[PDB]
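Shown below, as structure tokens, is a lone chain in the form deposited in one PDB entry; questions about how it binds or moves come after it.
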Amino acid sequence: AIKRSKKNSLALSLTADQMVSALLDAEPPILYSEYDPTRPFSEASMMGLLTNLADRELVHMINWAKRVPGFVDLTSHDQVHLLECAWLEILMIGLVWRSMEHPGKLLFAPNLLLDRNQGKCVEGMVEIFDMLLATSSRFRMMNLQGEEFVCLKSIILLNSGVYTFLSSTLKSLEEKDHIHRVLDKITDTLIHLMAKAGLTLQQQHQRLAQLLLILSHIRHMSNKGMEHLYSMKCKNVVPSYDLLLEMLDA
């Protein structure tokens, strides 16, 4: 079809209710882990299970991202770089959302619930597990709602890579301005949700701030996770997919 100019992005013409509806409708399928439960539970086998789930979720992630209002207005290059930036943060926020109602455990999939002591089966994992558990506990304590969750997940996609567009082209400035406007609309939607829930104005701003501050922790977890995943690739417990990496690099 026709690629609209940024001022004619569908994102900017959505009401708050329509933005929520769009984000809920984009939400990817629940996946079940496919595994043999009789296999001995080792570092290699655990990381293999998690890799297989990650690979399947990433397929659905791409289709989800394309359905996030504002995303497809970006160049294909900028789209890919948002995803390359955010993919682990997006996996992690999903995981902590899914795990909210299971204190002490991470619900990687409905049929794959792991506790922090299984995290110790993978060297370097338990520290990240504990951070994920703490984030899930914080979401539980804040009573994070599904409509808020989908807004936060879309914010991670749009925000985690915008600052590593380098402003070396005029197009980059247009892309940055567009992302800003979409992020403003998602903020309006988050406030709309909180106002409808009955929060006072002060409470609305405090809650928004607390939710956005958690995003900085999610970023931190992603960075530590990438460092951990690199170590796992050296041990040949996680694939390197180096040809995809050199693809993305060139």
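Only residues modelled in both forms are compared. The term rigid core refers to the most C-alpha atoms you can superpose between the two forms while keeping them within 1.5 Å. Residue numbers run from 1 along the displayed sequence.
- Notably, residue 39 is an intermittent gap: at least a third of the other compared entries of this protein, restricted to those modelling both its neighbours, have no coordinates for it.
- Of the other structures of this protein that model both sides of residue 156, every one gives it coordinates; not a third omit it.
- The mean C-alpha temperature factor is higher for 98-106 when 98-106 and 83-91 are set side by side.
- In this entry, 199-207 shows the higher mean Cα temperature factor of the pair 199-207 and 56-64.
- Highest C-alpha temperature factor among 74, 150, 126, 156 per the entry: 126.
- Across the residues 132, 144, 173, 166, the deposited record lists the maximum Cα B factor for 166.
- Ranked by C-alpha B-factor against the other modelled residues of its chain, residue 28 falls in the middle third.
- Ranked by C-alpha B-factor against the other modelled residues of its chain, residue 178 falls in the lowest third.
- Compared with the other modelled residues of the chain, the Cα B-factor recorded for residue 225 ranks in the lowest third.
- The entry lists a Cα temperature factor for residue 188 that places it in the middle third of the chain's modelled residues.
- Annotation for residue 39: C-alpha temperature factor in the highest third relative to the rest of the modelled chain, per the entry.
Below, we refer to the form deposited in another entry, which is not included among the displayed structures.
- After superposition on the rigid core, the single residue among 223, 206, 42, 63 whose C-alpha moves by 2 Å or more between this form and the one not shown is 42.
- Comparing the forms between this form and the one not shown on their rigid core, the Cα displacement of residue 18 stays under 2 Å.
- Relative to this form, in the other entry the C-alpha atoms of residue 51 and residue 236 approach one another by 3 angstroms or more.
- CA of residue 241 to CA of residue 49: farther apart by 3 Å or more in the other entry than in the shown form.
- In sequence order, the runs of three or more residues whose C-alphas all shift by 2 angstroms or more between this form and the one not shown, with the rigid core superposed, are 36-44, 231-250.
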